[PDB]
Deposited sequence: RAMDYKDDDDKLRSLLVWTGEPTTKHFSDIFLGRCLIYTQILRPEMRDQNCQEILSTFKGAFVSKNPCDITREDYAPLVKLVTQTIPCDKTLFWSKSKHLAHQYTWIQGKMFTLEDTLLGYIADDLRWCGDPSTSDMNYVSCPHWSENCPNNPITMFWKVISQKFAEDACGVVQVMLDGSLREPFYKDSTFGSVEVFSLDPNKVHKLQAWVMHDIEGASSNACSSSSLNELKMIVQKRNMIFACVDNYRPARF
């Protein structure tokens, strides 16, 4: 097949997939029991199977996004009830997978490490959705270590911060995390946070920032 340099699709993917999906919709989040995990898996594989692992689009996962009806706690959404707490996020967490043109299965030999691959594209899409589903007061944890804690070039300032619905979400709250080691100055007064700030305000939303240890 196509030779790659990156790790292969996680051995036993489908099982690990359905297994996690079942534990989620049936016991952890019982209000989602009516979600068909087989259907969800198939709709997932369709996004990349029989395709080049470096030619995956955001549209390949669109159906997946339409299929899953996610339960969303309002004031608990937190960017960085996290994304890994949603059905899809809890499933693909730490898993690898890709396809191959010359097959209708998943590549267990090797996968890419080419910015439009199965893995990278999946997380971007479910992140955008997650944002769109946010309700009330949304949070976001920012690294107080970095110079520019907030940077558009991230999935956050790129699409996440712009996919937040003002009608449902009325306030964005940025958490600038710091270490006891280091005189981490108040980054909430820097530009990155002043920009992230204007963006949110310019979108009829209240912005709050805090510096914690």
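J.: Checking coverage: what stretches of the deposited chain sequence are missing C-alpha positions?
T.: Gaps vs deposited seq, in order: 1 to 14, 95 to 111, 145 to 148, 249 to 253.
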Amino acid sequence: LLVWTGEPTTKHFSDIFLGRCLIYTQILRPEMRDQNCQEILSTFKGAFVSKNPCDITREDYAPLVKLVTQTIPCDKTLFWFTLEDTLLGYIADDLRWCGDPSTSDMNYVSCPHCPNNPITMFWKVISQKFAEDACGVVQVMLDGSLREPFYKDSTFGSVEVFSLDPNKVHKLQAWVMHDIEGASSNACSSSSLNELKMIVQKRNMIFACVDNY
From here on, numbers count along this sequence of modelled residues.
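J.: On average, which has the higher Cα B-factor in the deposited entry, 20 to 28 or 7 to 15?
T.: Mean CA B-factor is higher for 20 to 28.
J.: For the C-alpha atoms alone, is the average B factor greater in 159 to 167 or in 41 to 49, going by the entry?
T.: Of 159 to 167 and 41 to 49, the stretch with the higher C-alpha B-factor average is 159 to 167.
J.: Checking the entry, which one of 134, 91, 126, 119 has the top C-alpha B factor?
T.: In this record, 134 carries the highest C-alpha B-factor of the candidates.
J.: Lowest, middle or highest third: where is residue 150 by Cα B-factor in its chain?
T.: Residue 150: CA B-factor falls in the highest third of its chain.
J.: Residue 103's Cα B-factor: lowest, middle or highest third of the chain?
T.: Ranked within chain, residue 103 CA B lands in the middle tercile.
J.: Grab the CA temperature factor for residue 82 from the record and place it in the lowest, middle or highest third of its chain.
T.: Ranked within chain, residue 82 CA B lands in the middle tercile.
J.: Report the third (lowest, middle or highest) to which the CA temperature factor of residue 34 belongs, ranking only the modelled residues of the same chain.
T.: Middle third, going by the recorded CA B-factors of the chain.
J.: Ranking every modelled residue in this chain by its Cα temperature factor as given in the entry, which third contains residue 54?
T.: It belongs to the middle third of the chain when residues are ordered by C-alpha B-factor.
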